[PDB]
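Shown next, in structure tokens, is the structure this report addresses.
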Amino acid sequence: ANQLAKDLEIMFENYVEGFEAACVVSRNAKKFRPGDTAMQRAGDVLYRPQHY
Amino acid sequence: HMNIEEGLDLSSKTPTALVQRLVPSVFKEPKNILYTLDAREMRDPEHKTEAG
Numbered sequence: 002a003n004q005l006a007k008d009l010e011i012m013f014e015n016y017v018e019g020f021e022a023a024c025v026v027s028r029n030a031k032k033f034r035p036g037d038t039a040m041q042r043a044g045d046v047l048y049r050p051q052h053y
Numbered sequence: 054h055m056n057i058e059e060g061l062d063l064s065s066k067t068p069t070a071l072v073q074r075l076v077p078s079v080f081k082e083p084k085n086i087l088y089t090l091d092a093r094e095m096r097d098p099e100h101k102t103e104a105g
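In structure tokens, the structure reads:
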């Protein structure tokens, strides 16, 4: 044999799939942006009316 | 400021000593105001505006 140099070939831009939380109840729930200056003024609590 | 001396022959008299008096003028310790706003409180811009 003729003794070539070895190297580490690391593909830092390619990732193995890993793990993920499904998030499907959050994906299917209603989403609401109540308004940040108003929520500060309200003390981080908001009220909505129910029907008569 | 000068002494007055009297007569024609002044050989017995001490001449007036010139005293170069100086008046100090100096800065005080700097005067400051401090306030803080947290990342909730900063959602309302009137806090910064009125405190400024």
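Residue numbers (PDB author numbering), protein chains in the order written: chain G, 2 to 53; chain F, 54 to 105. We put the beta carbon where it would ideally sit given N, CA and C, even for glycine.
For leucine 47 of chain G, I'd like the list of residues in its chain whose CB is within less than 6 angstroms of its CB, leaving aside the five on either flank, ordered along the chain.
Counting from 1 along the first sequence, the entry for residue 47 of chain G is found at position 46. Closer than 6 angstroms at Cβ, skipping near neighbours: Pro35.
Beta-carbon gap between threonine 38 of chain G and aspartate 91 of chain F smaller than 7 angstroms
Numbered from 1 along the first sequence, position 37 holds the residue referred to as residue 38 of chain G. Numbered from 1 along the second sequence, position 38 holds the residue referred to as residue 91 of chain F. Not a contact, by the Cβ cut-off of 7 angstroms.
Apart from the five residues just before and just after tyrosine 16 of chain G, which ones in its own chain have a Cβ nearer than 8 angstroms to its Cβ?
Here the question's residue 16 of chain G lines up with position 15 in the first sequence. None.
At which residues does the alpha helix (DSSP H) containing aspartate 45 of chain G begin and terminate?
Taking the first sequence and counting its residues from 1, one reaches residue 45 of chain G at position 44. Note, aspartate 45 of chain G: premise wrong, no alpha helix (DSSP H); not H, not E.
For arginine 42 of chain G, which residues in chain F fall below 8 angstroms Cβ to Cβ?
Position 41 of the first sequence, counted from the start, is the residue given in the question as residue 42 of chain G. The answer, in chain order, is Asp97.
For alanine 70 of chain F and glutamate 58 of chain F, the rounded distance between their alpha carbons
On the second sequence, position 5 is the one that residue 58 of chain F refers to. On the second sequence, position 17 is the one that residue 70 of chain F refers to. So the two alpha carbons sit approximately 13 angstroms from each other.
Can you pull the chain F residues whose beta carbon is under 7 angstroms from the beta carbon of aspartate 37 of chain G, in chain order?
By one-based count along the first sequence, residue 37 of chain G stands at place 36. Near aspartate 37 of chain G (Cβ distances below 7 angstroms), the residues of chain F are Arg96.
Does DSSP put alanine 22 of chain G in a helix, in a strand, or in coil?
Stepping through the first sequence from its first residue, residue 22 of chain G is reached at position 21. Reduced to three states, the DSSP call for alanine 22 of chain G is coil.
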